[PDB]
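Reckoned from all heavy atoms, side chains included, excluding hydrogens, waters and symmetry mates. Letters A, B, ... mirror the listed sequences (proteins, then strands); counts begin at 1.
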Amino acid sequence: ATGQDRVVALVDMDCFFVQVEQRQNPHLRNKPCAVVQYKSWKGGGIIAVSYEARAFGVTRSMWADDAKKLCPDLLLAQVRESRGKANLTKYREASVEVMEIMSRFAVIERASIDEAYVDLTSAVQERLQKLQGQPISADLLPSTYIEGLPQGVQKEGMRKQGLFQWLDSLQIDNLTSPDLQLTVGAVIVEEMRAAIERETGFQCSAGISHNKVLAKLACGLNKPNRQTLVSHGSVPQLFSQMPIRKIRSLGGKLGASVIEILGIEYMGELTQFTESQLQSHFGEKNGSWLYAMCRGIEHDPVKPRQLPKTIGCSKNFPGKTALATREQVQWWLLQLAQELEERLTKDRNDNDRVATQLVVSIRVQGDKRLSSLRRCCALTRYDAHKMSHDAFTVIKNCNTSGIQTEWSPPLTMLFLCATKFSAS
DNA sequence: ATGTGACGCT
DNA sequence: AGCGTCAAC
Ligand SMILES: Nc1ccn([C@H]2C[C@H](O)[C@@H](COP(=O)(O)OP(=O)(O)OP(=O)(O)O)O2)c(=O)n1
Ligand SMILES: [Ca+2]
Ligand SMILES: [Ca+2]
């Protein structure tokens with residue numbers, strides 16, 4: 001029951017939006033800086049932070065004005081605003097630059113604007129057949145950390161010794177050795193990271209392991225500009241002090257009630273329990289999933305899908321700004337449907353496909369829920385006016401208000417989303 | 001007053 | 001289908 005069949009990697013760009021602005025504006029390079037959204041309210045909402053600024057305590061979600069109190073020198077780049085809304089086109093375009101390069105090595109699954117998983121298994125099998133049965137130089141792994149090593153004098157010093165203990169203990173003439181494969185994946189990943197920095201100027205970190213979750217957790221262990229190998233063997237130690245919240249899926253309510261119901265804190269504590277025990281507690285899927293996972297075993301595959309499955313535009317209208325006339329509602333529906341049209345037209349022309357379903361969603365004041373009503377709609381032509389008129393229609397009936405020019409509760413949110421794509 | 005996109009459940 | 005969860009996009 002190995003869980004060592006695959007070789008999987010998660011690459012994720014270091015402070016991505018910041019790096020995109022720093023490439024464009026050299027003055028921002030090597031400085032405490034952040035990317036900000038909407039400068040009016042409290043200086044703007046910060047959404048990405050360079051590591052220099054992080055050392056001052058500046059975080060995401062922090063108000064730029066508040067960030068400047070921790071960090072007086074903090075430089076700010078501003079998100080482009082089209083049609084009264086934050087537009088992300090520059091980062092989406094920077095994303096496909098990375099995603100394309102990365103595709104040259106293996107098939108990837110776009111996990112976000114910023115990161116992608118890679119199944120390296122096949123590419124690893126092939127590279128061994130040139131290295132018959134030649135070793136692996138530390139020189140081939142210049143930015144790789146081996147989690148748990150060394151065991152048994154300053155930062156880069158220690159990385160080095162861990163790598164050497166790992167390479168020395170390595171069974172090279174055996175080509176089905178899981179640990180050897182991970183090492184081969186790591187060398188490949190060194191290369192794809194060098195290709196990314198060369199051809200884009202962006203730096204990233206990577207995690208190399210046997211499945212998606214380990215890969216991902218491995219990736220954050222040595223950030224930035226570094227990659228980390230997490231082998232099957234290293235899992236009991238890593239997990240034994242690993243807060244459960246840190247594993248992907250378990251950072252919300254399910255994870256919070258793993259802790260609750262079981263009276264544990266770390267992932268390794270899950271091993272005590274039988275698969276049936278966990279199934280009774282969390283469901284059949286969640287029981288099986290946790291039983292394997294706490295032993296470093298996970299089987300979610302790397303889906304072959306480089307591009308998003310939905311395209312969507314939303315805007316919030318908090319408190320005072322909530323929409324209360326219907327001319328107001330119609331105007332933003334149009335703005336949204338406009339950004340959407342252009343994103344969609346680009347998509348049919350770039351990625352050879354058409355969306356067929358339009359999802360409209362809203363929020364009303366006095367409702368803490370993330371939404372308040374989603375309705376679907378046909379999407380027969382990529383016309384902004386039609387879509388905004390159709391979106392209205394599917395929500396026109398959402399009017400508590402008697403007087404026919406005002407809007408019921410004022411609306412806290414509008415969301416338009418293209419979906420159900422088909423080949424063109 | 002922080003402001004995309006995937007998938008699970010029923 | 002419409003709602004919820006998750007992480008982070
Ligand atoms: N809540 C969030 C999270 C992220 N992003 C955007 C800004 C980020 O730069 C990018 C990638 O998100 P990450 O969570 O990977 O964080 P960074 O890449 O900014 O930094 P790190 O080096 O910690 O990954 O997506 C955002 O707008 N809102
Ligand atoms: Ca990142
Ligand atoms: Ca990321």
Side-chain angles (χ1 to χ4, degrees), chain A residues 10 12-13 15-17 20 34-49 59-67 78-79 81 84-92 94-96 98-99 109-117 212-213 216-217 219-220 245-257 282-286 289 300 303 305-322 336 339-340 343 355 357-363 365 367-378 394-395 412-421:
Chain A
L10 180 283
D12 160 273
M13 312 307 301
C15 60
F16 189 44
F17 286 19
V20 171
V35 175
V36 65
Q37 212 174 46
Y38 298 133
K39 284 244 204 176
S40 287
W41 183 269
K42 311 190 177 327
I46 291 182
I47 56 171
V49 190
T59 53
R60 183 140 52 224
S61 82
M62 187 166 277
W63 295 120
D65 292 341
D66 295 333
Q78 259 202 107
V79 164
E81 295 189 26
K85 171 188 177 284
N87 182 280
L88 302 173
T89 293
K90 186 200 292 192
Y91 317 103
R92 288 198 187 100
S95 179
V96 312
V98 172
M99 303 297 176
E109 167 174 348
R110 177 195 187 282
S112 75
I113 203 186
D114 193 30
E115 68 192 68
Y117 293 100
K212 287 170 64 171
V213 158
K216 172 76 178 166
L217 180 79
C219 182
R245 87 186 75 105
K246 289 225 67 188
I247 277 66
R248 183 182 215 218
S249 293
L250 305 174
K253 286 163 183 187
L254 175 59
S257 68
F282 312 118
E284 283 195 341
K285 202 195 131 220
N286 283 345
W289 188 84
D300 178 7
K303 310 144 193 154
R305 183 235 320 166
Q306 174 164 357
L307 289 169
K309 302 174 151 161
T310 55
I311 288 177
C313 320
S314 75
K315 179 160 183 46
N316 289 332
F317 303 94
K320 155 217 169 177
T321 51
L336 282 189
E339 190 197 326
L340 188 59
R343 286 190 68 208
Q357 234 207 329
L358 191 73
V359 186
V360 194
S361 193
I362 82 183
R363 191 188 329 250
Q365 269 183 343
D367 194 315
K368 140 168 73 62
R369 237 155 54 260
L370 289 75
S371 173
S372 189
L373 173 137
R374 145 178 311 167
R375 304 281 216 252
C376 74
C377 166
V394 321
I395 77 166
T412 325
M413 187 263 313
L414 294 183
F415 174 72
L416 279 188
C417 187
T419 195
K420 287 187 166 21
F421 285 76

Point to revise | Base versus backbone protein contacts along nucleotides 3-9 of chain C [heavy-atom cut-off under 4.0 Å; B, S, -] | key: BSSSSSB
Measure from [atom1] on [X] to [atom2] on [N] and round the result to the nearest Å.
| X | N | atom1 | atom2 | answer |
| --- | --- | --- | --- | --- |
| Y117(A) | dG5(B) | OH | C1' | 14 Å |
| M99(A) | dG5(B) | CE | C1' | 12 Å |
| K315(A) | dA1(B) | NZ | P | 12 Å |
| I46(A) | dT2(B) | CD1 | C1' | 11 Å |
| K320(A) | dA1(B) | NZ | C1' | 11 Å |

Using a 4.0 Å heavy-atom cut-off, does [X] contact any base of the nucleic acid, only the sugar-phosphate backbone, or nothing at all?
| X | answer |
| --- | --- |
| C417(A) | nothing |
| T310(A) | sugar-phosphate |
| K42(A) | nothing |
| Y38(A) | sugar-phosphate |

Side-chain N or O of [X] closer than 4.0 Å to phosphate OP1/OP2 of [N]:
| X | N | answer |
| --- | --- | --- |
| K39(A) | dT2(B) | no |
| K303(A) | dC7(B) | yes |
| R305(A) | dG5(B) | no |
| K309(A) | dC7(B) | yes |

Review point. Is it the case that more than 12 heavy atoms not belonging to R245(A) sit under 6.0 Å from its CZ atom?
Key: no
Review point. Should we count CD of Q357(A) as having more than 12 external heavy atoms under 6.0 Å?
Key: yes
Practice item. May I ask you to decide if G312(A)'s main-chain N or O and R343(A)'s side chain share a donor-acceptor pair within less than 3.5 Å? Key: yes
Review point. Given that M62(A) and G312(A) both sit by DNA chain B, which one's nearest nucleotide is further toward the 5' end?
Key: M62(A)
**Study point:** Integer angstrom distance from the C1' of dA8(C) to that of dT2(B)
**Key:** 13 Å
Review point. Just wondering, do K90(A) and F17(A) contact through their side chains at under 4.5 Å, heavy atoms?
Key: no
